[PDB]
Structures are given as C-alpha cells and as structure tokens.
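The chain that follows stands alone, in the form deposited in one PDB entry, written as structure tokens.
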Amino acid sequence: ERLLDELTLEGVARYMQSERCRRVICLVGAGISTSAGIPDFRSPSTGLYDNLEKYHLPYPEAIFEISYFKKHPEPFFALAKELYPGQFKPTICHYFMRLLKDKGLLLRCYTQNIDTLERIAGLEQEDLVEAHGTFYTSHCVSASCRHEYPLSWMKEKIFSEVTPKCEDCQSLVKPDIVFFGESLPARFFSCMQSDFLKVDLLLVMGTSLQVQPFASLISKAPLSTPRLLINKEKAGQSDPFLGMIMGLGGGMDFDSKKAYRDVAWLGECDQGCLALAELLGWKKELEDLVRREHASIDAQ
C-alpha cells in the first residue's frame, strides 16, 4: 500500500524513476528565493516580519491587509521600495522546476512568491498558478476602470516614492498580488480541482505553510501520494496546537510510527534540489541550465 520504499530522498528519487510517477506538483514559497538575494518573511532578524516596526503600523499584519492598504497605502509602497529586488536571477531550485517542466514531469507549480522568478526561469503561464499573484502587473482598483500597468511603470512610482494613481481615473493602482482579505485567482480553484486528482508526487519547498487556503493544498492530494518537503525546517505538520494553521486532521507526518509517505529533507533548497537532481542523473543538465541562464541574464 506504501509507494515509497523508504522515507528518504533516495526513496523519492527511485519512486520518481518508476512509471507510477508521471505528474509532479510543486508548492513553493519565499525560501526558494532567498539564495537569489530576496529575504523571506518569517526568518528571524532578516525576514520581513522582524523588520516592520519602523513603518509604525497599528499591527504588523496591517501592511498585508487590503482594507488597510486602501485607507493608508503609503506604508506598503515604502516597504515595496525597501524590498525591491536589486536583481532577478532565479535559483537552482527554480531551474530544477524548469527541468521538471522540460522533462514532462511538472503538472503544476503552485507558488506563493510574488517576485516573478518562476517566470524568468522559464515556467510558462500554463505551468504556473501564481496563487498569491505577482508584482509583474498592477491594476487600478476602481471596478469601473481596472486599467492595467506594467512593472516598469510601478517600479518608477515605487522608487520615486509617489503613491501610484491611475492615469485615467486617479484611483489607487495596486500590484496584482493577493492581499490578506482578497479572493485568490479563479485559476487557483479550477487548477486545484483538476491537478490534485492526477498528482503522483508533491514537492514542497521553501515555505512555512502559514497562509490559507494555500496551505490546505497539501491535504488535497490523494492519501497515497508521497510528499517531499525541502526546507530549512519542518513545516505543515499535523501535530495539533493552539494557533496551528492547518485544519485539524490535515498536515504532514514525518516522524510518528504511522508515517508512511512524507519525507523532510532539511537544509537549503538549492542543495536539496542539487542532491535530488544528482540522484536522478540530472546534475549536469541542471548545472548547465543554471550556468547558461545566469550568464544570459548577466549579459544585460
């Protein structure tokens, strides 16, 4: 009944190399972009949540909240200037997901990341669910207008510290990211219902699984589907405690005596992906891909 012969990266690589493993879903968060120079949200001291006091918020989550944004957008746009990536070079982890695409194993990448690195690494719109939107485009917030603006326009407003107003109607222009309180893209639900029927392997990388409904995705997979977490620390566990994110019952079981399908490889995402690629015979392909794409970016 158990699909992994052993609860290890080697077990997952052998499963991946079997014919049952045809459809892989990746679930990724900010941890897969930290080696690209983009700090994450919840790491102590460097993460965003430990760097909010200077914005003088009524509480730290306000800067994520759509109703607060609509009333006082200036903190969000000051933060956006502070965190604007100085360069957009995707990581080994991103290019591993690109290799999964090129080899026909990637059914979908569900990303929480707003930095657009998945696109730059070559995942196309069909391969991707940007579950929490991206900074790539922005829209006027007036339902009667909804004029679109490209990242170059938004970037100029952010760096000039001018609050972005729509050129046609002078309402606020918001990046197409999903704030706390907003609905997720409809693509998220349509793809979820189709993808999680088919998935043979769930790859979870670089996320604390602290945000719903995205974190519910790990429970949408069939109960035999193996789940591999590559992350600096365990996350999404089912162990109940007050303030757990997971609905009760759902969650990962790495360590109980009933554990049967969940693997935690604890370390840096780039190293874990390099180790998995090596076990699969993809290490040189992945290394060459990173080198070539990185040089291509370095030229301009």
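By rigid core we mean the largest C-alpha set that fits within 1.5 Å across both forms. All residue numbers refer to positions in the sequence shown, first residue = 1.
The discussion below concerns the form deposited in another entry, not included here.
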Could you tell me whether the Cα atom of residue 74 shifts by at least 2 Å between this form and the one not shown after core superposition?
yes
Is it true that residue 54 shifts between this form and the one not shown by 2 Å or more at the Cα, once the core is aligned?
yes
Examine residue 238 after superposing the rigid core and state whether its CA is displaced by 2 Å or more between this form and the one not shown.
yes
Looking in the other entry, are the Cα atoms of residue 263 and residue 247 closer together or farther apart than here, the change being 3 Å or more?
closer
Working note: in the other entry the C-alpha atoms of residue 242 and residue 253, off by 3 Å or more, come closer
